[PDB]
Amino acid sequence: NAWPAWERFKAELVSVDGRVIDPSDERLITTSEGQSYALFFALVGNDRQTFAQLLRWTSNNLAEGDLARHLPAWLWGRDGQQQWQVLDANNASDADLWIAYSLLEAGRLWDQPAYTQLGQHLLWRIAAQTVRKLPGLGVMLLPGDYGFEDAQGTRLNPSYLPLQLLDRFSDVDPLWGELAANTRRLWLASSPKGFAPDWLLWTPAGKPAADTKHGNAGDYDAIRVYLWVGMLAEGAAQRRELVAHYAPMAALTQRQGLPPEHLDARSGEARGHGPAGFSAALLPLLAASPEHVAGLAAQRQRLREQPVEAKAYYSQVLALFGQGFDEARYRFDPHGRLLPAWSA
């Protein structure tokens, strides 16, 4: 089991002391998202040492030494005094979820009770700090502990809520399965044309509306909705409904021979061509139904001719997820449990 793409990511974007660096920002920032994705990839790659290093860096720098006591700050880097520190103390729940998931799964797959316990401690804190009971929806995860609720209602981000993770947490307590059912409803409701938005607003009347900041735009966040949907196991709840619901994204990509860059989730209008990351993000969805078998072959082909670039953080993580799945490096079972290719 060699994972050259993961080795390339490490060589290019992961520091010796264990932080993931997006070099496109002048501040040479790390995000909790970056840490969380790299933790998942290290597990998939059976890379115990890098997992430990990533986890240590995340703990010490984003969580004051202790993920059982603090949800990680989302932004870290160099400030205006050239000092390396937390730049924004608020959390991003999408990273928190991926961190908690990778810990539970690593605890199971590597037989490390400490990882299991830490994951459970995180779930409790996520419930306590980040979950709310929303009107006409029920329990739902906010994008962060602060700054996403007001008079207008509640801002939500579909891509922050991968069903696999929520389904897996249901094994810890059914509250999470309930949150997963609520997410399935949110996803469908937010995507009337079969295209996901980056954000939406959940009004006090219990209805979806255009996001206060991004309207109905679907771009680099929303592309991940197709990725999660496409990686659902056959027997996962509402899998066929979800795959079929987002068919227009697959249908469009097949037709145009290329994924689009920008969507309006309300009108279904699409612009441009998406970067190679978008192609990789779509491989699972493209493989999920026979009617998109040509689309799958096409996109696989484009990635051969034009692989993701060296220091391009965003396209690299989409590739590691999507090409990684396409290359049979892992699967999810119907309950969201990780099935890695090394675990035989």
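Heads up: residue numbers just count along the shown sequence, starting at 1.
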{"query": "303-311 versus 40-48 - which carries the larger mean C-alpha B factor in the record", "finding": "303-311"}
{"query": "Mean C-alpha B-factor comparison - 326-334 and 15-23, higher one", "finding": "15-23"}
{"query": "Per the PDB entry, maximal CA B factor within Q120, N91, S159, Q81", "finding": "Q81"}
{"query": "Identity of residue with top Cα B-factor, from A244, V131, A181, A151", "finding": "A151"}
{"query": "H292, C-alpha B-factor rank within chain (lowest, middle or highest third)", "finding": "highest"}
{"query": "Assigned third (lowest, middle, highest) for the C-alpha B factor of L165", "finding": "lowest"}
{"query": "For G144, the third of its chain into which the C-alpha B factor falls", "finding": "middle"}
{"query": "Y101 CA temperature factor, ranked by third within the chain", "finding": "lowest"}
{"query": "Relative C-alpha B-factor of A209, binned into the chain's lowest, middle or highest third", "finding": "highest"}
